[PDB]
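Asks: Sending over a structure as structure tokens; questions will come in a sec.
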Amino acid sequence: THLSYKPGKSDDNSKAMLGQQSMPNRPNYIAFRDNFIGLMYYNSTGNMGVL
Amino acid sequence: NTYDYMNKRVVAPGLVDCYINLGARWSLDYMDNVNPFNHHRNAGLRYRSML
Amino acid sequence: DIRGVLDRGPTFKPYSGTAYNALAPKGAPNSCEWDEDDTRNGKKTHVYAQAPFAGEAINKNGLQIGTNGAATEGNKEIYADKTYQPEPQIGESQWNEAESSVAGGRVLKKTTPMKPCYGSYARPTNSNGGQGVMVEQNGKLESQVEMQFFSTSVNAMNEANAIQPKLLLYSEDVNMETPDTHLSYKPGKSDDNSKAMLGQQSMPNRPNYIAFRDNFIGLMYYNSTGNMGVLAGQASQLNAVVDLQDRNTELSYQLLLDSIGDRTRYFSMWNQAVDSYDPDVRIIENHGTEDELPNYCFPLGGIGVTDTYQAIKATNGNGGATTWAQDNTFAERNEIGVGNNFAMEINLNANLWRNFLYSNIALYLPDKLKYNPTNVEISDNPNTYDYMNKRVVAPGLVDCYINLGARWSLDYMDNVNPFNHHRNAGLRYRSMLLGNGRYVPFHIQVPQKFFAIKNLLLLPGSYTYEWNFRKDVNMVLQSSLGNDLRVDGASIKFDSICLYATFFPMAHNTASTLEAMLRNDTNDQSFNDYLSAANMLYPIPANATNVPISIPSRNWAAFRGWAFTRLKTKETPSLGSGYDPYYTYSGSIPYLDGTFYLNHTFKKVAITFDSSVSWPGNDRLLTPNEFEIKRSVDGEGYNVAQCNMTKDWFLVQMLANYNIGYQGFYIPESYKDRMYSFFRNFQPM
Amino acid sequence: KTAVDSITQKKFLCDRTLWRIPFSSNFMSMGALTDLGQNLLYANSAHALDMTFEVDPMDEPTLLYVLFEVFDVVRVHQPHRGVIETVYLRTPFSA
Amino acid sequence: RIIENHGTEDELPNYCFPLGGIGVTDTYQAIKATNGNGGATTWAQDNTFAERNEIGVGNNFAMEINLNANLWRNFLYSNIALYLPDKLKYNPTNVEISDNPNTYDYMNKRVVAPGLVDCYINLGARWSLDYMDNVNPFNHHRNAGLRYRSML
Amino acid sequence: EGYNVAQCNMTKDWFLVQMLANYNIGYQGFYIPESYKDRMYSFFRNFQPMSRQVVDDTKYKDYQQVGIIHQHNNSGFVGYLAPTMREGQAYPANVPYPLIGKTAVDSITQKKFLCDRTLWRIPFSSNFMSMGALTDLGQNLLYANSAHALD
Amino acid sequence: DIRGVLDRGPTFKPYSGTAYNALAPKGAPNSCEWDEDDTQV
Ligand SMILES: [Ca+2]
Ligand SMILES: [Ca+2]
């Protein structure tokens, strides 16, 4: 979470700070692409494969 | 580009609410040019990332 | 190809629920003030409101909110503008936010009516959102908002001019409208703003879509001897299209389009979207809800009550008995609770199920189970929109307990035409195609549906091609509820109509060869309509269970068979005639797009040639001389398929549809069994 | 444990169809022009038809929708340039 | 069969209100403004306004509640929690229970702690619980065919 | 608008070209192409028209443009320009404009479509059909015995 | 057929909302005690 409303500036404990609140961070997944696209070079004169 | 900038820029709820373009099956003009696949609802990306 | 302008009238609401302040409670009124008899007699005025905004100080100018530090008069003050300040919605920040000194707010005037916050609108009147009405003085528009200072009531106890101010309310005037909601509990007949009127409630009006029918049915005159079309050779001065009042074209095109393709997908060009209905609205799979856990709200700040307390450091005893004392390290007055924090409570799921079960079934019950309202004027015309909007239907009829745990449909709801609804997905799609407003300029393409020239390959020449179109407003359109449309005044005007056609860039000589080859006598064109049936309609007076029909002597060469069904007279225009004035229903004709529901309302049928020789012939059927469709419970040995029907009628239907039945039944293949079939649309309960 | 005594009801729904009875002698469909349609009995003589219906009562006026099934065919001929002629046949219930 | 937990979408608190809309209340009284001649400002009491009016100040009384989350828990519970293996349960307190470990009474009157499965069990992972695999998943009221046959 | 079609804004010519180049339907009257010829990356599986109406700004005599900051609906029950604790007081709402009922406003209509997830095609045929893996015009002599520049 | 070790950084979060006291009202703080300066000293 990250504080979605911070009334004060200094983080010191104070009477007002009993009013701060929160909000969950947005989700983002991360994985391997479809069909591993890009995992294998192609189409580039630099690193041509060999059979 | 990093995460926190995308996580802490806040946007007013009022821009979209249950009184938007009522009755009309329709897409928001700001959203006809934003890649609709970099979007967390995506089933394939979700499945791959869980796997 | 047609271009025109459509107006859908005043009675078109395309959404369930309302739009304005929908979160506010359905009995909460806005800030206002009304008049009470003095207690001549100087009638007094009472105020119900609150002041959310917090400011600095109050003087005879108003409430000060700014401080221009570099002002010419030192630190001159900045008072809120009376036209839009203070904003209605600006409030506090934190859940505690201890009270300020002064405060301000907005409040209506006694002149305008009072309506609950749920469903309240008033158009703005300045660039910054002001709602105060304007008045022309000296030829220029000016405002009328006027302060209303206020102050403690403790006034009532000691002290004097020490009376200082402590809450300025700004007060004005609006042009309040309630476009899509109506009153559901009005306590008094009179309208003068009482004390009790602060508790009136409002609810929204049933959604009601209006759009073009499927495949643009009704837009072109077919089967009308008065206004038959024409496609003929120009010089011929002789016709080439003939028609009778029985060739029922539109249903035939419906069925043909069913046969050679799928239907559960939509094509925008011809409005191809058949009208479904949710399988759970018609038939209820009610088995309660999952609520083993209780739900519970909580105090915005977590703990609700409290109880000051005092630190007591343990200045322990001396020798024996343990004494105590006080400490000065801590504070002196502390907030502390005891026990479980105060909490409210709600059952979640059952509320959602109950809301849905009321809203999607109960409002459509047959009219004879509803009761007029109190203290609201309701139209005396039992077809218009208002009547259907304002009757009251007891929620106790349908709720969580009805037919619990059983799969069933209510006997009241069997004969209600279930394609007139608002979850009929095809209707929603079509109504959204045009747009959600009420003034619509449109641009459409209509097919040609008469079979005898539907596919004919024309050959070179000059032809006269001409046709007629309807201007009626309940034929070419269709509602969602079934209300008339001439009453409510929705109009439609055709401006330009142009004709398009496509060719093939065939090679010259090849086309010449084909033309010469096809002009010969012996290779002409043959065409056959899909339905290939007659049409007979016979009246059925109310509360009768017997219909005889006789056909006089005639020959029957090359017959095929009988099809039949039943229809409601209120939902069927007269044939042939170009305009049926006695027609006052704009729902969905079954006779013109194939939507039948009365099929279960039959008992049996019997046939005879020359009044003495029955025709199942020769004792084939289990009953002697009659097709026993359905038996009542007395049929101790012939009910089949765990339901009402008899075996033999089941056998006859299964044969005639799928050629199954002489070797044990089973589920016929997919592609052999289409949407309008038998087995796709069979439900025992 | 305390269930009251009860009786049982049953009924079916047949939304969105037609009821069919074809003119075979075995209730099958073995080709469009059915066998009984050309038998000598029903093609070279006259006959009179009587149908009797028993239904379930209602409250508003209604219509019985009967569909006799026959053939409807059209032959279209066009000898010269820009002249088209046709002929129709609708067997019994003819024009 | 497979618990596929993504959390729930809740970025807005959902609040409930007072049946009337305005919170507490405090009597108040109207005043006017006879000029403060040569001096500050007077402050009298006008007679046109009846001298007991209702008014709240600041915001209004309100209570909070988390709709989506609450629904999800109900769910997981009612649909996965109860069917756990017998050995993960304890007898209830001060109520009779038949000793025959098969009949309905025993099958019902036991209690299973909703702490074992929560809104955070294996959160974010497509997975299935160890105790559940070797327990039949066709004996379950979420069944379709069994429901259809029971209702028929 | 004399040429647009399918209740959208796409000229008839482009619709004809697309339908022919994809499924060779278009010389016998249009209809929904069959399933197996219409896969995921097809055209007709990725074509959606849409339209709406909004409030005109030159005929509604009492039009008053309103910024975001001064817009209030559901006031006193929601936040102010953020997802935080509720603020404010009850009041009639200022502006979602009305479009239905006895009190409509002068409105205009807008139309557009969405066709993501496919390529726009043009076949190099004489009459835009798929008559063979090698088109006919590619064999036409004038294109196979000289050179030409393209623009 | 490859094998390796993958690290998705610190910005990896596969769920909407959170898992820590999800029901608790957003505003409320937990038990605490802070300091103030008494000006009457
Ligand atoms: Ca009080
Ligand atoms: Ca008081």
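Chains as they are written, first to last, in the UniProt record's numbering: chain D, 304 to 354; chain C, 506 to 556; chain R, 102 to 140, 163 to 808; chain V, 860 to 954; chain A, 405 to 556; chain F, 759 to 909; chain E, 102 to 142. Every residue gets a Cβ at the ideal spot worked out from N, C-alpha and C, and that includes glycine.
#1: At a cut-off of 7 angstroms, would you count residue 430(A) as near ligand 1, judging by its Cβ distance to the nearest heavy atom?
#2: Are the beta-carbon atoms belonging to residue 558(R) and residue 529(C) less than 8 angstroms from one another?
#3: Alpha helix (DSSP H) containing residue 616(R): first to last residue?
#4: Could you check the C-alpha separation between residue 873(V) and residue 723(R) for me, to the nearest Å?
#5: Among the candidates 767(F), 800(F), 849(F), whose CA atom is the shortest distance from the CA of residue 255(R)?
#6: Use the C-beta contact count for residue 903(F): other C-beta atoms within 10 angstroms, 16 or more gives buried, fewer gives exposed.
#7: By the criterion of Cβ-Cβ separation under 7 angstroms, what are the contact partners of residue 129(E) in chain R?
#8: Could you check whether the stretch 292 to 311 of chain R touches the stretch 466 to 484 of chain R, counting it as contact only if at least three pairs of C-beta atoms, one from each stretch, sit closer than 8 angstroms?
#9: Can you name the start and end residues of the beta strand (DSSP E) that residue 305(R) belongs to?
#10: Quick one: measure Cβ to Cβ for residue 111(E) and residue 425(R), integer angstroms, because I've assumed they're closer than 8 angstroms.
#11: Under the criterion of a Cβ to heavy atom distance below 7 angstroms, does residue 276(R) qualify as lining ligand 2?
#12: Roughly how many angstroms separate the alpha carbons of residue 230(R) and residue 218(R), rounded to a whole number?
#13: Assign residue 530(A) to one of three DSSP states: helix, strand, or coil.
#14: List, in order along the chain, the chain D residues whose C-beta lies closer than 9 angstroms to that of residue 223(R)?
#15: By DSSP, does residue 944(V) sit in helix, in strand, or in coil?
#16: With a floor of 3 residues, list each beta strand (DSSP E) that falls wholly inside the stretch 673 to 715 of chain R, ordered by position along the chain.
#17: Buried or exposed: which applies to residue 914(V), given that a residue is buried once 16 or more other Cβ atoms fall within 10 Å of its Cβ?
#18: Classify residue 600(R) as helix, strand or coil using the three-state DSSP reduction.
#19: Since residue 524(A) contacts residue 129(E) with CB under 8 angstroms, what's their CB separation in whole angstroms?
#20: Check whether the Cβ of residue 552(C) lies closer than 8 angstroms to any Cβ atom in chain E.
#21: Quick one: residues in its chain with C-beta nearer than 7 angstroms to the C-beta of residue 335(D), no 5 flanking neighbours on either side, listed in chain order?
#22: Quick one: which chain A residues come within Cβ less than 8 angstroms of residue 511(C)?
#23: Quick one: which residues of the stretch 831 to 845 of chain F get their C-beta closer than 9 angstroms to a C-beta of chain C? List them in chain order.
#24: Name the two residues that bound the continuous alpha helix (DSSP H) containing residue 510(R).
#25: Counting pairs of Cβ atoms below 8 angstroms between the stretch 494 to 502 of chain R and the stretch 299 to 309 of chain R, do you hit three or more?
#26: Spatial neighbours of residue 326(R) within its chain, please: C-beta separation below 6 angstroms, excluding the five flanking residues on both sides.
#27: Can you check which of these residues, 168(R), 190(R), 300(R), is closest to residue 122(R) by C-alpha distance?
#28: Distance cutoff 8 angstroms, beta carbons only. Does residue 536(A) sit that close to anything in chain R?
#29: Could you tell me whether the Cβ atoms of residue 801(F) and residue 876(F) are closer together than 8 angstroms?
#30: By alpha-carbon positions, which one of 680(R), 168(R), 409(R), 583(R) ends up nearest to residue 318(R)?
#31: My parser needs the beta strand (DSSP E) runs of 3 or more residues fully inside the stretch 545 to 569 of chain R; what are they?
#32: Would you mind reading off the limits of the beta strand (DSSP E) that contains residue 770(R)?
#33: According to DSSP, simplified to helix, strand and coil, what is residue 473(A)?
#34: Can you tell me the Cβ-Cβ gap for residue 114(E) and residue 330(D), rounded? I've got them flagged as a contact below 8 angstroms.
#35: Going by CA-CA distance only, name the one from 784(R), 804(R), 778(R), 798(R) that's closest to residue 880(V).
Replies: Inspection of the coordinates gives the following:
#1: Checking the Cβ of residue 430(A) against ligand 1 gives yes.
#2: Closer than 8 angstroms, so yes.
#3: Where residue 616(R) is concerned, there is no enclosing alpha helix (DSSP H), although the beta strand (DSSP E) around it starts and stops at 615 to 620.
#4: Each residue's Cα considered, the two are about 6 angstroms apart.
#5: Checked all of 767(F), 800(F), 849(F); the closest Cα to residue 255(R) is 849(F).
#6: Result: exposed.
#7: Annotation: Cβ neighbours of residue 129(E) in chain R (cutoff 7 angstroms, chain order): 424, 425.
#8: Cβ pair count under 8 angstroms is below three, so no.
#9: Per DSSP, residue 305(R) belongs to the beta strand (DSSP E) from 304 to 308.
#10: Between the beta-carbon of residue 111(E) and that of residue 425(R) there is about 31 angstroms, and that puts the pair past the 8 angstroms contact cut.
#11: Yes; taking the cut-off as 7 angstroms, the Cβ of residue 276(R) has a heavy atom of ligand 2 nearer than that.
#12: Separation of residue 230(R) and residue 218(R) (C-alpha to C-alpha, rounded to the nearest whole angstrom) is 25 angstroms.
#13: Of the three classes helix, strand and coil, the one that applies to residue 530(A) here is strand, per DSSP.
#14: In chain order: nothing, as chain D lies at least about 14 angstroms away.
#15: Here residue 944(V) sits in strand by DSSP.
#16: Fully enclosed beta strand (DSSP E) runs of 3 or longer: 684 to 691.
#17: Here residue 914(V) is buried: its Cβ has 16 or more other Cβ atoms, across all protein chains shown, within 10 Å.
#18: In the structure shown, the three-state DSSP call for residue 600(R) is strand.
#19: Contact check for residue 524(A) and residue 129(E): beta-carbon distance about 20 angstroms, past the 8 angstroms limit, so the pair fails to qualify.
#20: For residue 552(C), no Cβ of chain E is located within less than 8 angstroms of the residue's own Cβ.
#21: Result list for residue 335(D): empty, nothing under 7 angstroms.
#22: What residue 511(C) touches in chain A, judged by beta-carbon distance under 8 angstroms, is nothing: the nearest beta carbon there is about 14 angstroms away.
#23: For the stretch 831 to 845 of chain F, which is checked against every Cβ of chain C, the residues closer than 9 angstroms are 831, 832, 836, 837, 838, 839, 840, 841.
#24: First-last of the alpha helix (DSSP H) with residue 510(R): 508 to 513.
#25: By the Cβ test, the stretch 494 to 502 of chain R is in contact with the stretch 299 to 309 of chain R, since at least three Cβ pairs between them sit closer than 8 angstroms.
#26: Once the five neighbours on either side are set aside, the close Cβ partners of residue 326(R) are 307.
#27: It is 300(R).
#28: In terms of beta-carbon proximity, residue 536(A) stays away from the interface with chain R, with every pair separated by 8 angstroms or more.
#29: In this structure, residue 876(F) lies closer than 8 angstroms to residue 801(F) by Cβ.
#30: When each option's Cα is compared against that of residue 318(R), the closest is 168(R).
#31: List check, beta strand (DSSP E) in window: 562 to 567.
#32: Judged by DSSP secondary structure, residue 770(R) falls outside any beta strand (DSSP E) and instead within the alpha helix (DSSP H) spanning 770 to 781.
#33: Three-state result, residue 473(A): helix.
#34: About 5 angstroms; that satisfies the 8 angstroms criterion.
#35: Closest by alpha carbon: 778(R).
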